[PDB]
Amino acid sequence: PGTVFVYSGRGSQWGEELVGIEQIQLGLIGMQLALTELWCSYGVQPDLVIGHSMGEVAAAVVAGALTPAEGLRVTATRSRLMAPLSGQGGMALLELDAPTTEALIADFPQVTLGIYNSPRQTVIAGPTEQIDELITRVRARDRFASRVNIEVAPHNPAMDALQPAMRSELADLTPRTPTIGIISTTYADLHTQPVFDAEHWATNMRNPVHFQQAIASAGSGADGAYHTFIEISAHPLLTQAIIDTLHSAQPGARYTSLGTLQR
């Protein structure tokens, strides 16, 4: 049937308190790497990995493209660069398809489509006050929208200024060809076979997250079909997005979507 491990970007976290983007993101990838090995111990191993947003670092590590130390180095480097933007940007989950979302935000230069969740769910990202105005406009149209609280909002033009620093501080990264299959969510073209280098991580933090497209490709018979998707997290937040994407793209197909832990 095929098993996919899905690594979320900003999953739930909560036994000492993790404080600030750097500490929180480090506890997240630490928990992802340790939960992945726990699954392996009970015979369950991934044939393919998909990383969502900041989760693509952990997915690149599990796939063998980067070492655990290299993954932690990307995590710490990126988190330190993003920290001065703490609280400035926000995200919103909209119950709109991607073309309707693009139309809604076309006149907001600082707000972009951040994540393709599923066909009828799209996340936007940008300055928190602009995200609030857009939530109000979506609600005023008798449509649904909700805030997605995050330490620093990636996948929007505020990340452009951090890309030179990323390309510079991660210059000596030595990624390898992955040992396990990985579908990147960084590029609209899923056949852009990516080298998981400095340029890839600088691009990944700014580009939209092509999550629906990566899940649909994994579920498709093209390049082999996978039927079990396991979110490797402390609480399942992407499971309904996985099912909504797969049911829409292959309506007569059977898929199983599950988490690792639950709060």
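One rule holds for the numbers: they count along the sequence shown, beginning at 1.
Per the PDB record, of the two stretches 65 to 73 and 196 to 204, 65 to 73 carries the greater mean B-factor over its C-alpha atoms. Looking at 213 to 221 and 38 to 46 together, the entry lists the larger mean B-factor for 38 to 46, computed on C-alpha atoms. Reading the B-factor column for the CA atoms of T177, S86, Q121, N156 in the entry, the top value corresponds to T177. Within the selection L113, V152, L173, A145, the deposited Cα B-factor values reach their highest point at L173.
Ranked by Cα temperature factor within the chain, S168 sits in the highest third according to the deposited record. Residue-level temperature factors show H227 in the middle third of its chain, judged at the C-alpha atom.
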